[PDB]
Amino acid sequence: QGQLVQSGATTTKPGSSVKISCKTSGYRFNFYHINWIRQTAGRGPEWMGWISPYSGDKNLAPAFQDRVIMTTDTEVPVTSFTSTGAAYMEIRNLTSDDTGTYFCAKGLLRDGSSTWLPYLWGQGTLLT
Amino acid sequence: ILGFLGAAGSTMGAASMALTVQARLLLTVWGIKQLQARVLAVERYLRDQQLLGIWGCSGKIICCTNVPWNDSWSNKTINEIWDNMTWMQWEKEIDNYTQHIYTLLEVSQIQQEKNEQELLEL
Amino acid sequence: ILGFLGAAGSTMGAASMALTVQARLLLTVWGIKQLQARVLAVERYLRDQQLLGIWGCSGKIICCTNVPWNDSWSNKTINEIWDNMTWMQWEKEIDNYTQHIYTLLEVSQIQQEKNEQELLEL
Amino acid sequence: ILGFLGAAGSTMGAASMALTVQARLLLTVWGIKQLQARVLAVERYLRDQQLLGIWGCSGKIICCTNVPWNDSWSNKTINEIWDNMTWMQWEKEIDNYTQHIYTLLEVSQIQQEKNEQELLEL
Amino acid sequence: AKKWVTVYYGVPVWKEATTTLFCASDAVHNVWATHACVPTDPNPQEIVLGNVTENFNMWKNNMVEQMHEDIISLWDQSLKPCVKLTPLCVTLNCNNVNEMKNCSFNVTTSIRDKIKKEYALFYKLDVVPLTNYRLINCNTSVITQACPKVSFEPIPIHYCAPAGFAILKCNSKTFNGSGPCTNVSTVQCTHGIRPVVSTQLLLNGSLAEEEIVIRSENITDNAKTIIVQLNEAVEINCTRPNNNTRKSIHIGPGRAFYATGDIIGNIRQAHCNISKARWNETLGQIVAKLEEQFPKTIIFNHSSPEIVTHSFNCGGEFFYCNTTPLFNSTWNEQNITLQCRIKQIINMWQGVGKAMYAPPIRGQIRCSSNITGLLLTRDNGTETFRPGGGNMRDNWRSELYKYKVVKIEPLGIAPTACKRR
Amino acid sequence: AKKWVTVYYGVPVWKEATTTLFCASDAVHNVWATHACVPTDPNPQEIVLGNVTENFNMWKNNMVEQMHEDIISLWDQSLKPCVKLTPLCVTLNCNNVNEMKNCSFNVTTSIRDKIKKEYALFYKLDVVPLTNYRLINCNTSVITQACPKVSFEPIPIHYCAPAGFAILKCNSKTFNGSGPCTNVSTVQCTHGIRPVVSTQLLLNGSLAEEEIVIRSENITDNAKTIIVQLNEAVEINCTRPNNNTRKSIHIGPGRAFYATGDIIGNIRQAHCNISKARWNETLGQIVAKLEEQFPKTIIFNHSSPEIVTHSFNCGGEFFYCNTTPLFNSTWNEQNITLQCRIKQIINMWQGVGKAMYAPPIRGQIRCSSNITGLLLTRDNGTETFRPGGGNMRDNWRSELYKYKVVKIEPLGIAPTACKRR
Ligand SMILES: *[C@@H]1O[C@H](CO)[C@@H](O[C@@H]2O[C@H](CO)[C@@H](O[C@@H]3O[C@H](CO[C@H]4O[C@H](CO)[C@@H](O)[C@H](O[C@H]5O[C@H](CO)[C@@H](O)[C@H](O)[C@@H]5O)[C@@H]4O)[C@@H](O)[C@H](O[C@H]4O[C@H](CO)[C@@H](O)[C@H](O)[C@@H]4O)[C@@H]3O)[C@H](O)[C@H]2NC(C)=O)[C@H](O)[C@H]1NC(C)=O
Ligand SMILES: *[C@@H]1O[C@H](CO)[C@@H](O[C@@H]2O[C@H](CO)[C@@H](O[C@@H]3O[C@H](CO[C@H]4O[C@H](CO)[C@@H](O)[C@H](O)[C@@H]4O)[C@@H](O)[C@H](O)[C@@H]3O)[C@H](O)[C@H]2NC(C)=O)[C@H](O)[C@H]1NC(C)=O
Ligand SMILES: *[C@@H]1O[C@H](CO)[C@@H](O[C@@H]2O[C@H](CO)[C@@H](O[C@@H]3O[C@H](CO[C@H]4O[C@H](CO)[C@@H](O)[C@H](O)[C@@H]4O)[C@@H](O)[C@H](O)[C@@H]3O)[C@H](O)[C@H]2NC(C)=O)[C@H](O)[C@H]1NC(C)=O
Ligand SMILES: *[C@@H]1O[C@H](CO)[C@@H](O[C@@H]2O[C@H](CO)[C@@H](O)[C@H](O)[C@H]2NC(C)=O)[C@H](O)[C@H]1NC(C)=O
Ligand SMILES: *[C@@H]1O[C@H](CO)[C@@H](O[C@@H]2O[C@H](CO)[C@@H](O)[C@H](O)[C@H]2NC(C)=O)[C@H](O)[C@H]1NC(C)=O
Ligand SMILES: *[C@@H]1O[C@H](CO)[C@@H](O)[C@H](O)[C@H]1NC(C)=O
Ligand SMILES: *[C@@H]1O[C@H](CO)[C@@H](O)[C@H](O)[C@H]1NC(C)=O
Ligand SMILES: *[C@@H]1O[C@H](CO)[C@@H](O)[C@H](O)[C@H]1NC(C)=O
Ligand SMILES: *[C@@H]1O[C@H](CO)[C@@H](O)[C@H](O)[C@H]1NC(C)=O
Ligand SMILES: *[C@@H]1O[C@H](CO)[C@@H](O)[C@H](O)[C@H]1NC(C)=O
Ligand SMILES: *[C@@H]1O[C@H](CO)[C@@H](O)[C@H](O)[C@H]1NC(C)=O
Ligand SMILES: *[C@@H]1O[C@H](CO)[C@@H](O)[C@H](O)[C@H]1NC(C)=O
Ligand SMILES: *[C@@H]1O[C@H](CO)[C@@H](O)[C@H](O)[C@H]1NC(C)=O
Ligand SMILES: *[C@@H]1O[C@H](CO)[C@@H](O)[C@H](O)[C@H]1NC(C)=O
Ligand SMILES: *[C@@H]1O[C@H](CO)[C@@H](O)[C@H](O)[C@H]1NC(C)=O
Ligand SMILES: *[C@@H]1O[C@H](CO)[C@@H](O)[C@H](O)[C@H]1NC(C)=O
Ligand SMILES: *[C@@H]1O[C@H](CO)[C@@H](O)[C@H](O)[C@H]1NC(C)=O
Ligand SMILES: *[C@@H]1O[C@H](CO)[C@@H](O)[C@H](O)[C@H]1NC(C)=O
Ligand SMILES: *[C@@H]1O[C@H](CO)[C@@H](O)[C@H](O)[C@H]1NC(C)=O
Ligand SMILES: *[C@@H]1O[C@H](CO)[C@@H](O)[C@H](O)[C@H]1NC(C)=O
Ligand SMILES: *[C@@H]1O[C@H](CO)[C@@H](O)[C@H](O)[C@H]1NC(C)=O
Ligand SMILES: *[C@@H]1O[C@H](CO)[C@@H](O)[C@H](O)[C@H]1NC(C)=O
Ligand SMILES: *[C@@H]1O[C@H](CO)[C@@H](O)[C@H](O)[C@H]1NC(C)=O
Ligand SMILES: *[C@@H]1O[C@H](CO)[C@@H](O)[C@H](O)[C@H]1NC(C)=O
Ligand SMILES: *[C@@H]1O[C@H](CO)[C@@H](O)[C@H](O)[C@H]1NC(C)=O
Ligand SMILES: *[C@@H]1O[C@H](CO)[C@@H](O)[C@H](O)[C@H]1NC(C)=O
Ligand SMILES: *[C@@H]1O[C@H](CO)[C@@H](O)[C@H](O)[C@H]1NC(C)=O
Ligand SMILES: *[C@@H]1O[C@H](CO)[C@@H](O)[C@H](O)[C@H]1NC(C)=O
Ligand SMILES: *[C@@H]1O[C@H](CO)[C@@H](O)[C@H](O)[C@H]1NC(C)=O
């Protein structure tokens, strides 16, 4: 029930690395995972991996394990159930194959079997 | 588990387990003040036991009843309550209808022992 | 219904319905007097709960037992009691034997959990 | 029977019968002292009722449970306990493990209404 | 068979504990405030605990340590409204009579700037030379006049244990102070206990059954008082024969100090009387059991005026009876009379800084009491026993030896072949 | 699926409330009556509330408004039995010494009509010219001498919430006075709090972890005191070097006024000592965070004798230390010594009409304390901070910022697919 604003549209060239932000608000940032998804021109959507703002635990697909730098800050509490945090996204070996729109997605629940499911999406950032 | 109120910021499904931990620790200027707080402690406690009694829950920690969940109280699913909201989040959302459901539990208990009394007439 | 003690001059059959209304409102010179009445209120209340407990009625509002109605207490029919006399009329007529029936309910409860204890031995 | 504490030096099998006798009589310098003892009397009593409640024994005088008798507490037979030792002899021998069994009864009651809650889900 | 725990509630098992007891009296007003106690139960439910043997000790017993503090608290509570005799701390010009002085003194009256010269009588124990005199307390403490409407009457006080506690009795008719009593019974309250303030001689107390018993902690320790209990009381008769008069002296708005003035009729001597034969046969019975604990010869001598003499209360005035014609014997018609003095100012119990003035009783005084006990103190080839007293809590201890506070713990777990479904 | 209400009992949910807390102490007798508190729990059960974030505010916190009234009540309760010094309100003929006067005065003694002429010493703050003198209070209030056996010792007092209530802690090591604390834990009682009566400088208090923190309500509002908490105490050492003597003056039956007479040995000056370097590095740390809330230059000046000077209690006598050699700096071996005066009569807290006479302490006085806090007050192009104090409840507030009273409401209803038969 909050916003997940991201960075702008930064376009570099292959071999480099790009940093993408994801500033949260309106919800307890520590209670829900932060997923990272992308839709490239060449495939469809592809799940990259989620990170736990509380457990500090990461799980990412083997297709993006040795490329992605994924971190979070620590929420700045606003009220008892509101906070403001940030998740960051980087990649190693960059090409024009990874060109596409990228968003972050907050988890669905806090317990059960669909805890991390990307429910609340960001806005999208266009890569190289 | 976690201790007294240990799962206050936890999901309602996790906090609902092992509720006997917040059930144990519920019960001259210094002397009068201390005796004042001792009498009040038994009054607030017996009010909850008085309520559990006239609901058929006298002795229960989890107590199912007959009153159906009116969606006017909350149109949320069971999964988006017990696996998401905390016990302090939930009853702020129900705070208004809390006095309405106390009346519903009492009539469903007086219309249960009254149907039970006719049952044992045979 | 009628409120607190609303059916005091009504028939025992009408007053016996919705008994949770007289069950809710049962529980320095000004300060000592007020605290004196607060402690007494919990004592008189717990005495009734103590009695309901050692009768198997702990939690009941209407509680059937095993003790048969001795006609020496009252040779009146059920119809000329519940549809005629009021609750205040009735217990003046039973006032004498009231202490005799309190003893009968207690032995019928200690000779019920003792027969229940042998039941679960198998 | 024998009265209040009448079977204190009797066998545990004889004293276990008619336990409603020690269950009834359980509940300014003179004034403050007398009110001090009145409040303490209700506190000590409700602690025992609080314990009986979170064990499923709320209302019971003899209450069987699920916790098996660990022979580490006492390797004595039932016959050499209930027909020989007195109630004051017994709990001196169990005095150490008494706080261990209070914890066992509480988890066997929270893991009984929780299995009961899933039972009524169907 | 298999065994599971089964919880029992209300099992006969108790622990030794210490809790606040409360009073229960029968029924103008007395210092002990027995009108404020619960109306004592007309049906005293005494339940005999068969097969039970309990471990008593009247010397560790906390009921006497609690009663003794209740008496001291009742004393201070009863003197809060009464008039304080601080303006009497003035220079006294005292005469004699033939013993009490005849003292005169200037006093401020109801009007703050007018002086009157009153006269009054004060016993020699109430005054000390500075000839000019003063009251004995003035260099020590403030003194409060006892209200002339509160009575010093020892009223039967019952001590009851709270709900959930219990008091244990001991019906063994030869029970010495400590050990295991094989005849125990439980009681809701103690018997009728009279808070008799006494010294050296126990008055109006409870007798013993069968024979007379003597008690102690370590009787071989000489610095331990001996509490002797008699089985048959010896009659004591005390009196102040002087016919005194009470005078109201207005020394302030509403503050009326009651003094003594003029002896109508004969001047005589306050004294007591006990039977020479009955005290001879009773001293002989006390001599009998001073052999069952010792081997030797039994010598009685005087004490080593609150403690040196028999001090009690007769009709309202505190006597101090010289008990030397009482303890003057060596064991291998006639009345015995003691010469009693009379004080009006007493230091109650402690010495923090509060004394009490007993207002004078009008007319003649005579009271008849029962000496049912004795507080001795043994000190070569012989053993001499002198009247001791030791402490005031030995008085209540002579009556609270039969009792003992235990708390009920009614929860009991035990294994049986019984599992719930 | 279908949904019915099912009642849960004992659910972790609480409301903010205000109830009467009680005390818990450890353990002659002190004014705080800590012997009467419950023996504090040896095992302090602190339970960490994971995932929980609570809204604290040390300025709305009612525990300080309740403790502050308990201190005021303990003060009046401790002076009820003690002697009242109303006969000392008499004409005084006072000398000098070289500062305390040497005063002589007629006094009524234990005998109401005899006069004695006593002499005693009284500090200039305790007397005022009418040459002839009198005590400063006599045109204001009755004065009661503090009992010379009750101690003014700050004892660790624990505040516990009743059964069914809860106190919430805050383990955030950088927590400023208000807002949401993300490290909450529940406690049955507060920590060991010492009821130190102080002014301008917080003594013997609880330090801070990590860095030093400053607090306020609206720091931009100048009429709001600033509570600064230090992370490392600076050693303060105070003393009265004069070797005084105590004289007992019997001015009534049992009423013994303790006065001062004669200085044995050298006449000297009551003063304090703190390290010039340690107060330089600590004032520098206080200067650091007066930038994190402001931009400018940080000026320290003296106050704008209860409030103008550092007033505390050293061994029993109330000092009044001039803190101008303390706050005299502008920030863009050596001991600092303050000249302390000494009062014997204090107006405690209020001004209804009751003062207290601190009896003199015999011999020499020296105490060593820890200054762990500071109460400032800011007032062109600069900002100057002066020692404030503001009110006495700011002292307890510096220790009760971590805590907060909430009440437990354990009944909870919620829907599940569960219907009874
Ligand atoms: C405070 O609030 C936070 C946030 O709400 C709570 O954290 C969340 O707790 C829930 C449940 O407790 C978590 O959901 C579970 O997720 C696990 C996934 O873990 C597995 O995979 C991880 C990555 O692959 C891996 O780290 C785990 O391995 C262990 O090691 C890590 C070390 O980092 C350790 O921290 C872990 O705890 C693991 O022990 C593990 O392999 C998932 O497996 C769960 O599903 C199981 O359980 C549920 C019932 O709970 C059941 O329905 C399923 O079928 C399955 O059996 C479950 O989905 C969630 O991931 C946490 N984090 C969030 C939401 O960000 C925290 O618990 C709260 N604490 C308190 C005290 O209130
Ligand atoms: C204790 O000491 C007191 C003195 O401090 C004693 O009081 C005094 O007692 C004497 C007698 O022993 C009284 O003297 C008598 O007074 C009466 C009164 O008559 C007076 O008035 C008439 C006027 O009608 C006048 O004409 C007389 O001359 C008297 O002056 C006389 O009738 C007697 O003859 C005799 O003089 C004192 O008056 C009395 N004084 C006070 C102040 O009371 C007291 O008796 C002593 N008590 C004891 C037990 O020793
Ligand atoms: C505060 O003021 C007080 C006065 O109000 C001071 O008390 C006085 O102090 C002086 C000394 O400074 C004393 O004078 C001394 O007295 C002693 C006693 O001897 C006397 O008695 C003998 C009999 O044996 C006689 O022969 C002598 O002549 C004396 O009369 C003498 O030995 C000394 O030589 C000297 O005279 C006063 O006695 C004393 N008065 C009282 C009432 O105490 C007090 O010292 C002052 N204190 C301070 C700190 O300033
Ligand atoms: C012992 O008890 C007797 C009897 O209760 C007391 O004698 C009573 O004394 C009061 C006041 O002097 C009189 O009002 C009663 O009439 C007396 N009763 C009888 C039957 O004579 C006696 O004072 C008590 N002794 C002590 C030392 O307390
Ligand atoms: C701060 O605490 C110290 C230590 O508790 C206090 O110093 C004590 O002072 C009393 C009375 O002067 C002495 O009886 C103790 O022996 C002292 N203790 C130590 C360790 O020196 C000091 O007085 C307190 N300061 C304040 C202002 O209360
Ligand atoms: C729900 O509650 C409303 C009043 O709040 C009532 O009018 C309505 O009949 C209820 N419906 C059900 C299905 O319980
Ligand atoms: C309860 O009533 C108040 C009325 O002021 C309303 O504002 C609030 O939204 C209600 N609660 C819920 C959960 O709707
Ligand atoms: C009825 O009560 C009397 C005593 O009041 C008793 O003797 C009699 O046996 C009882 N009869 C029945 C049938 O209960
Ligand atoms: C109860 O006993 C009294 C004895 O005085 C008697 O008068 C009365 O009639 C009895 N009650 C009934 C209902 O018979
Ligand atoms: C008995 O208790 C001990 C600890 O006291 C425990 O280790 C053991 O597993 C228990 N055994 C049984 C059979 O309950
Ligand atoms: C309980 O523990 C104590 C430890 O001092 C031990 O001496 C005692 O024997 C134990 N009780 C039993 C019944 O073994
Ligand atoms: C009362 O005061 C006067 C004053 O002149 C005195 O003469 C008289 O002796 C005093 N009375 C007594 C009894 O001392
Ligand atoms: C009071 O004076 C008496 C004189 O009889 C004396 O024995 C006693 O010690 C004095 N007490 C005090 C406290 O001065
Ligand atoms: C004293 O003993 C006699 C003889 O038994 C008795 O009549 C009298 O009541 C007793 N007095 C007291 C106060 O016990
Ligand atoms: C009381 O009797 C017991 C044994 O019956 C004995 O051990 C004890 O020493 C006796 N007390 C005295 C004071 O002799
Ligand atoms: C009794 O006291 C004597 C010395 O007076 C001592 O030797 C002996 O041990 C004591 N006995 C007891 C049981 O206290
Ligand atoms: C005592 O004296 C009064 C007069 O003061 C008199 O009436 C009464 O009869 C006298 N009593 C005796 C026993 O002499
Ligand atoms: C005591 O007085 C009573 C009644 O006056 C009398 O019966 C008894 O014989 C007297 N005894 C003595 C020893 O004077
Ligand atoms: C007690 O009387 C005897 C003689 O009977 C006497 O020698 C003794 O001095 C008296 N006691 C006191 C304290 O005067
Ligand atoms: C003994 O005293 C009583 C009353 O005290 C009295 O009646 C009796 O005559 C006295 N006997 C003798 C011989 O003095
Ligand atoms: C005490 O009173 C007398 C009365 O003559 C006076 O001379 C003297 O100065 C007074 N004392 C003081 C210290 O004022
Ligand atoms: C008391 O006198 C002082 C003189 O120092 C004065 O300042 C104060 O205002 C006076 N207070 C009253 C209430 O008269
Ligand atoms: C003051 O600080 C020192 C240094 O840590 C410490 O040893 C001492 O106990 C402290 N005193 C008080 C009263 O806290
Ligand atoms: C304390 O911090 C909160 C946010 O963490 C802030 O809103 C508040 O103003 C701060 N308090 C002060 C006195 O600056
Ligand atoms: C703080 O005080 C200033 C004036 O001193 C005022 O303008 C401002 O609104 C206040 N802010 C808060 C949060 O109270
Ligand atoms: C203080 O003076 C007393 C005598 O009044 C003396 O015994 C003591 O030694 C002195 N103390 C010091 C530190 O000088
Ligand atoms: C204060 O006193 C203590 C002990 O006497 C000493 O260690 C410390 O250095 C002193 N500090 C100052 C500033 O005087
Ligand atoms: C404090 O000391 C300074 C100089 O150190 C002095 O000017 C000032 O007047 C003093 N304060 C008071 C209140 O006397
Ligand atoms: C500082 O004070 C301490 C104790 O107060 C003392 O030991 C030290 O010598 C002092 N240093 C100087 C330079 O005055």
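Every number in this text was worked out from the coordinates using simple rules, so none of it is lab data. Don't worry about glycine lacking a Cβ; one is built from the backbone with ideal geometry, like all the others, and counts go over all protein chains shown.
Structure values in brief
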read-out	value
Test for D:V29: is it in contact with an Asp or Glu (Cβ under 7 Å, 6 or more places away or on another chain), more than 25 Å from C:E118 (Cβ to Cβ) and either surrounded by fewer than 18 Cβ atoms within 10 Å (Cβ to Cβ) or within 7 Å of chain E (Cβ to nearest Cβ) (or both)	yes
Matching option when the condition is more than 24 Å from B:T103 (Cβ to Cβ), under 12 Å from the mean Cα position of the chain (by Cα) and away from chain C (no Cβ under 11 Å), among B:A23, B:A37	B:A23
The stretch E:166-197, residues that are of a type in the set (G, A, S) and either closer than 27 Å to E:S368 by Cα or part of a strand (DSSP E or B) (or both)	E:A166, E:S178, E:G179, E:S185, E:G192
Qualifying residue in the stretch A:61-80 (condition: within 30 Å of F:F175 (Cβ to Cβ), hydroxyl-bearing (S, T, Y) and touching a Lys or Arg at 6+ places or on another chain (Cβ under 6 Å))	no
Strands (runs of 3 or more DSSP E) (entirely within the stretch F:53-144) containing at least 2 residues that are more than 16 Å from ligand 4 (Cβ to nearest atom) and buried (at least 19 other Cβ atoms within 10 Å of the Cβ)	F:54-57, F:92-95, F:100-108, F:115-123, F:132-135
The stretch E:65-82 residues that are more than 9 Å from every other protein chain (Cβ to nearest Cβ), paired with ones that are assigned to a helix (DSSP H, G or I) (beta carbon under 6 Å, 6 or more apart)	E:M67/E:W396; E:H68/E:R393; E:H68/E:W396
Members of the stretch F:29-40 found to be touching a strand residue (DSSP E or B) at 6+ places or on another chain (Cβ under 7 Å) and either among the aromatic types (F, W, Y) or part of a loop (DSSP other than H, G, I, E, B) (or both), listed by number	F:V31, F:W32, F:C37, F:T40
Matching residues in the stretch E:407-416 - criterion: being outside any strand (DSSP E or B) and either more than 7 Å from chain D (Cβ to nearest Cβ) or of a type in the set (S, T, N, Q) (or both)	E:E409
Hits in the stretch E:239-280 (condition: within 16 Å of ligand 19 (Cβ to nearest atom) and out of contact with any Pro (no Cβ under 9 Å at 6 or more places or on another chain))	E:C272, E:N273, E:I274, E:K276, E:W279
Residues being at the interface with chain B (Cβ under 7 Å from one of its Cβ atoms) and aliphatic (A, V, I, L, M) - total across the stretch F:7-55	8
For A:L109: the one exception among (1) out of contact with any helix residue (DSSP H, G or I) (no Cβ under 9 Å at 6 or more places or on another chain); (2) not in a strand (DSSP E or B)	(1)
Residues within the stretch B:1-18 that are surrounded by fewer than 23 Cβ atoms within 10 Å (Cβ to Cβ) and either within 16 Å of ligand 8 (Cβ to nearest atom) or of a type in the set (A, V, I, L, M, F, W, C) (or both), tallied	6
Among (1) at positive phi; (2) within 14 Å of chain F (Cβ to nearest Cβ) - the single one E:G389 does not satisfy	(2)
Matching residues, the stretch B:7-19, being more than 7 Å from chain F (Cβ to nearest Cβ) and either in contact with a helix residue (DSSP H, G or I) (Cβ under 7 Å, 6 or more places away or on another chain) or assigned to a loop (DSSP other than H, G, I, E, B) (or both)	B:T11, B:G13, B:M17, B:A18
F:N218 within 14 Å of another protein chain (Cβ to nearest Cβ), more than 16 Å from ligand 9 (Cβ to nearest atom) and surrounded by fewer than 20 Cβ atoms within 10 Å (Cβ to Cβ)	no
Helices (runs of 4 or more DSSP H) within the stretch B:47-122 that include 1 or more residues farther than 18 Å from B:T11 by Cα and small (G, A, S)	B:98-119
Yes/no for D:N79 being out of contact with any helix residue (DSSP H, G or I) (no Cβ under 9 Å at 6 or more places or on another chain) and more than 14 Å from chain B (Cβ to nearest Cβ)	yes
Residue list for the stretch C:84-103, restricted to those being over 22 Å from C:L19 (Cβ atoms) and within 12 Å of another protein chain (Cβ to nearest Cβ)	C:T103
Residue check, F:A24 farther than 30 Å from B:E106 by Cα and out of contact with any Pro (no Cβ under 8 Å at 6 or more places or on another chain)	no
Qualifying residue in the stretch B:62-75 (condition: surrounded by fewer than 19 Cβ atoms within 10 Å (Cβ to Cβ), touching a strand residue (DSSP E or B) at 6+ places or on another chain (Cβ under 6 Å) and over 23 Å from A:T82 (Cβ atoms))	yes
Unique residue being surrounded by 13 or more Cβ atoms within 10 Å (Cβ to Cβ) and either over 21 Å from D:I1 (Cα atoms) or within 16 Å of ligand 13 (Cβ to nearest atom) (or both) when the list is C:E93, C:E106	C:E93
Tally, over the stretch F:324-379, of residues that are small (G, A, S), within 16 Å of ligand 26 (Cβ to nearest atom) and closer than 30 Å to F:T140 by Cβ	0
So D:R47, is it surrounded by fewer than 17 Cβ atoms within 10 Å (Cβ to Cβ) and at the interface with another protein chain (Cβ under 7 Å from one of its Cβ atoms)	yes
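To keep it simple, each residue is scored yes or no on (1) in contact with a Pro (Cβ under 7 Å, 6 or more places away or on another chain); (2) closer than 24 Å to E:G315 by Cβ; (3) within 16 Å of ligand 13 (Cβ to nearest atom).
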{"position": "E:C82", "(1), (2), (3)": "no, yes, no"}
{"position": "E:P87", "(1), (2), (3)": "no, no, no"}
{"position": "E:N95", "(1), (2), (3)": "no, no, no"}
{"position": "E:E99", "(1), (2), (3)": "no, yes, no"}
{"position": "E:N106", "(1), (2), (3)": "no, no, no"}
{"position": "E:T109", "(1), (2), (3)": "no, no, no"}
{"position": "E:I115", "(1), (2), (3)": "no, no, no"}
{"position": "E:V128", "(1), (2), (3)": "no, no, yes"}
{"position": "E:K149", "(1), (2), (3)": "no, yes, no"}
